[PDB]
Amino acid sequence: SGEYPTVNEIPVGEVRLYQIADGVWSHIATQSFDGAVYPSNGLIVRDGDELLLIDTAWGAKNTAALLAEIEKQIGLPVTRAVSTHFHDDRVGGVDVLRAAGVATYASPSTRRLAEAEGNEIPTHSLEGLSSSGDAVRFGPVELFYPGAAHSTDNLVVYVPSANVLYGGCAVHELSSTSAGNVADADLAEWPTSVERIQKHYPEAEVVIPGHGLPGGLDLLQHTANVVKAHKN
């Protein structure tokens, strides 16, 4: 009924949308992994009379549900999708998208890592993102590669019309107590990568983590803080 929806409020398989700003929504879904249930976020950005999708809903059935929810709540076609790193909460559902007419994109790094992991693989490569600090435009967003953090390939997304920073899994929510799933992380580089985000997007008004509640710019410093203590 208006609050950001939380892990225990979303059955696995259902998707909710949350209006962030004019023409910007997050999508929230839940999934099981190793016997525990987790929420995860993605983004939807209006692109004229079409939509740009950032990240899948963590699985094929969740991603089908996402498309249905978009049709119900927004009613514009999803034409392109970007996955912000190679893990299943970002690419699981790409095959659903591709069969629903969506053109799927990721960096070449993400595509290689996805392929090697046995995850679904976006069709199109995003060049121009291979060095930290790189940025490219993609419809109504800027894509930015901050350096290695939660993964070596993680991208962040900025919506300049709304000053919305989608951090993906490089950014954690304020309630977080550790750095989440660090299996593929670079804990030592992560603070430097977060500092690059802070320097590049100082006017961000909303910051959306890969998992959990949006907030403001404090999510960046909080992330640095939890990562440094996890490394230690």
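We number the residues from 1 along the sequence you see.
Look at the C-alpha B-factors of 196-204 and of 64-72. On average they run higher in 196-204. Taking the PDB entry as given, 146-154 carries the higher mean Cα B factor of the two stretches 81-89 and 146-154. The PDB entry assigns the greatest CA B-factor among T123, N119, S131, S107 to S131.
Comparing C-alpha B-factors across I28, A179, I44, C169 in the deposited entry, the largest value falls on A179.
Annotation for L219: CA B-factor lies in the lowest third of the chain's modelled residues. The deposited CA B-factor of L213 belongs to the lowest third of values across its chain. Among the modelled residues of its chain, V94 has a C-alpha B-factor that falls in the lowest third according to the deposited record. For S175, the recorded CA B-factor ranks within the highest third of the chain. Only modelled residues enter the ranking. In the PDB entry, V15 places in the middle third of its chain by CA B-factor.
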